[PDB]
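The form deposited in one PDB entry is given below as one chain in structure tokens.
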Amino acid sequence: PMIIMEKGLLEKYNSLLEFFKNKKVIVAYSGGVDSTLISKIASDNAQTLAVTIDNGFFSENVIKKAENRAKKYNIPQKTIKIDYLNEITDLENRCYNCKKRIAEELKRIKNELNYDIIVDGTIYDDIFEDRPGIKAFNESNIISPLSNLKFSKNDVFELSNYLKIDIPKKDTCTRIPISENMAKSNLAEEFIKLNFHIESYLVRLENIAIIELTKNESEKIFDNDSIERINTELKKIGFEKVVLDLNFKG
């Protein structure tokens, strides 16, 4: 080994090295950190083409940055345009259908170019979240090696740094109280107070319920049952997320 890194990450990296060997690899490339990492590893070790599908959901600035970032790392890259907007397909089934249309090109591109595999930049952390398009890519036989090797996001950052891939800066363009929300707050307090016998002092932003409380009550909510009930019911009041302050007051 030419880099010294933790054995866990080194095994994952080595698995990637062997997997790409002697393959012609189409990489589904979005320009982000995750798909940049695997594009660079593939291109350093195999005949590789990073393919960006421009379906109208990425601005020119984002597309240009992805192209310049591939050139910077000597990753062969092409941007292929589809007019997906004019071919519409449902309620968020757009996610699956939008991603499926991206998956369907690339599979066309892989067959036209007689390449061997398509890989993407989906990581292990991603498959625990609600991302419908992961199904859509699997249905086109697009492999997620970072997910197969159980890459966390931390593993992506560390491996990127070892391979001297810069984390891209933010476009952005920082810091971000009325009362309906006083009503939601109080009813959330009243609900938990009445149901968990939370006599002691205890719900605070952007429709997110921030709960504060003391240690003695804290042992009561630890059972998942409570949390499952507390998360659904404080969302019935319309809070989109329920969250608990780990700063237990005196």
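Only the largest set of C-alpha atoms that superpose within 1.5 Å between the two forms is called the rigid core. Start at 1 with the first residue shown and count on from there.
Per the record, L202 and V203 are separated by a gap of 1 to 3 residues from the deposited sequence that were not modelled.
Judged by mean Cα B factor in the deposited record, 223-231 ranks above the other of 6-14 and 223-231. For the pair 188-196 and 27-35, the mean Cα B-factor is higher in 188-196.
Note on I178, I123, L85, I75: the highest value goes to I178, judged by CA B factor as recorded. Between the residues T214, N45, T52, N61, the entry's highest C-alpha temperature factor is the one at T214. For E92, the recorded CA B-factor ranks within the highest third of the chain. Only modelled residues enter the ranking.
FYI, the form deposited in another entry isn't displayed, but the following is about it.
Superposed on the rigid core, the two forms differ between this form and the one not shown by 2 Å or more at the C-alpha of one listed residue only; from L37, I211, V51, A46 that residue is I211. Shown in the overlay between this form and the one not shown, fitted on the rigid core, is a CA shift at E60 smaller than 2 Å. A movement of the C-alpha atom of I230 reaching 2 angstroms or beyond is seen between this form and the one not shown when the two forms are aligned on their rigid core. The Cα shift for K24 between this form and the one not shown, taken after rigid core superposition, is smaller than 2 angstroms.
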